[PDB]
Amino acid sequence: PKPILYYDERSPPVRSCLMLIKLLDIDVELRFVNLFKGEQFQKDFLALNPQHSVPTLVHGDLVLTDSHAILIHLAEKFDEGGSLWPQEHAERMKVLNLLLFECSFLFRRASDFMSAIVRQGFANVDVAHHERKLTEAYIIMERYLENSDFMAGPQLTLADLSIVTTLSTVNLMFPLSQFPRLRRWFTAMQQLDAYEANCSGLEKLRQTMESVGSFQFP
């Protein structure tokens, strides 16, 4: 059976999977779960993913509940021998390391910020606090890009797909003007054909955040 992707394209991790699907030309059935209607809490979805999170992938009997597992699974099944998920161990571990940085550091801080807006309203968020936390993430990624054109080495990998969507999301609020390597990398990522998969959901997130948070991004 073909993979089924439960998604809300406002989610950056969802968009990372949409980018990989477009890049690899994977035939996938999309199923929309409206997060702002709480549809991730529907009984059948909760039974599928008790974390009530998107993306969720069902591929035969395999149920994956994290974008980084989905990216790795789809690359191993549909891009065997490719460069996105390198076969050499040391290169593959470096890609894994940056996927985990996205999960544990960049997305965590991006999510803390956006969730504060949704829960408290923009006017009640300590913007300077989150600017510091997310600027530290920029500084780190700027250092990652010192030696290489891409996040995990000289070529595009799953790590770039994971990071670029969340970065595009934080960039709605905090510009990359002070980080030349990171701004160069982002501009290059935007020139990928597969980057078109990020556009619609980013804009829908922009609109939804501005309405629910009662503010406007700069």
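Residue numbers run from 1 along the displayed sequence.
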Residue range whose averaged C-alpha B-factor is higher in the record, 161-169 or 182-190
182-190
Could you settle it for me: does 47-55 or 145-153 have the higher average Cα B factor in the PDB entry?
145-153
For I21, the third of its chain by CA B-factor is the middle
Ranking every modelled residue in this chain by its Cα temperature factor as given in the entry, which third contains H129?
highest
Lowest, middle or highest third - CA B-factor, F32
lowest
CA B-factor placement of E203, once the chain's modelled residues are sorted into thirds
middle
Record-listed C-alpha B factor of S104: chain third
lowest
